[PDB]
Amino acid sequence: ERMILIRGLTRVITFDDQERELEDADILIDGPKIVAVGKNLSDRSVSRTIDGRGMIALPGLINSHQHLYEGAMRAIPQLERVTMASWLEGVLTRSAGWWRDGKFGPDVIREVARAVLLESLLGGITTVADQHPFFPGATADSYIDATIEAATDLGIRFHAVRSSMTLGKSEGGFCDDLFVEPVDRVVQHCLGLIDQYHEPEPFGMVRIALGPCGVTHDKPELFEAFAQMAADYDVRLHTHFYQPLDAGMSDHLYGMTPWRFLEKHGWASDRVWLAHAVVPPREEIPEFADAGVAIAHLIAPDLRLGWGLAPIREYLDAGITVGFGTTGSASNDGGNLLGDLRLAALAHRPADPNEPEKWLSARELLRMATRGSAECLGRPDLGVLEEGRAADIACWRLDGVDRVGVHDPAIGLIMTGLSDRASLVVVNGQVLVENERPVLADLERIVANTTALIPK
């Protein structure tokens, strides 16, 4: 009261239940929450007014699938053109080698996370779900502590997804037994993280989720423990889903499809969101919907790894929640969620060359990146510019020379531009970016410090 007023925004995209948009309108903020969205709001109890003229405001973008530690693994010549098998082997080899050489402990990961998460804020991303699977040694080291610390320092909203690779090469697994933890170690560790960090209240800034790498990378016992843990502590469940080699490997290991696996081990529920979902059998999609599972579309790695086009239109037709994410920077290789939406806008269209009404629109993509992702993460308090939701807001300027001649500013955010840099970004009511610059973080100092720590 002590309120913040963003006045005169040229366009507001709400993604509320009526899909309202507004022009020349205001957003009124008090503490962590939005008070009003509308024309000519009162500045009676306002301590600060921000000039929104020439900007478009959206809900803060929500990256429902990251791997922050991979920020250290960008643009590696040997991984430029690689199929999954070679790629995965190259990432595991590097994370294991750097770690054993003392170059990749929680303290390095903290600063790599700080850089990728600051990038995220600067890209208009106000919540990130990071899935960290790398816990070498005889004790679960403090990598998630490190990412939470970075996220907390920056003030970005954060879901830490505790991942693993519990299926050993012995038992038909992919990875070296250095990455393989006993299921009880993983379960024990997750219990402690929930107790220490999880903020279940509305507008909570740190949440914990439980996330096996996959149906063919983790023991079915882990899936069931997590299903129990999620019901008892009311947290959510995350895993990869229907990557191209999965159906065959699942059949080989278990004689069932990946979806049947999930059903059998307690994961066919509305506690679950699923990464990629590139190549499910079409017949199972109605079952996804009936179960209430959510799907995060990840166009950039699906393309980069040569996997192709997830049936997103089919998911939307079926009423399935669709969110959006970047995955990690070893398979993207950036954290630029907004830019990746352009990739999706365009790459999907050749699959349906004569039915353009099937193509994903700009507004559908922006909805996936905000409300959709919010729903993946089970956050009814995010992803929507309306009274009562979190004051998580991302705004871009529309008056650049590269956006001249744009007729619809929302389509324009996808279809035009030299830069995806946000102008104004608010998280939990706190202004963190203004004039395309961090207001509390030392951008240059963060770059210098993290750069020095990247393994060479």
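Heads up: residue numbers just count along the shown sequence, starting at 1.
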Looking only at CA atoms, which has the higher mean B factor in the entry: 190-198 or 151-159? 190-198
So, looking at the entry's B-factor column for Cα atoms, which has the higher mean, 335-343 or 131-139? 131-139
From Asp408, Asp26, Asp402, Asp392, can you pick the one with the highest C-alpha B factor in the entry? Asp26
Checking the record values for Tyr242, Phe223, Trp99, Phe174, which has the greatest CA B factor? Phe174
Could you say whether, by C-alpha temperature factor, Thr416 belongs to the lowest, middle or highest third of its chain? lowest
Looking at the temperature factor on the CA atom of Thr83, which third of the chain's modelled residues does it land in? highest
Which third, lowest, middle or highest, does the CA B-factor of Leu440 fall in along this chain? middle
Ranked by Cα temperature factor within the chain, is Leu121 in the lowest third, the middle third or the highest third? lowest
Taking only the Cα B-factors deposited for this chain, tell me whether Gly308 sits in the lowest, middle or highest third. middle
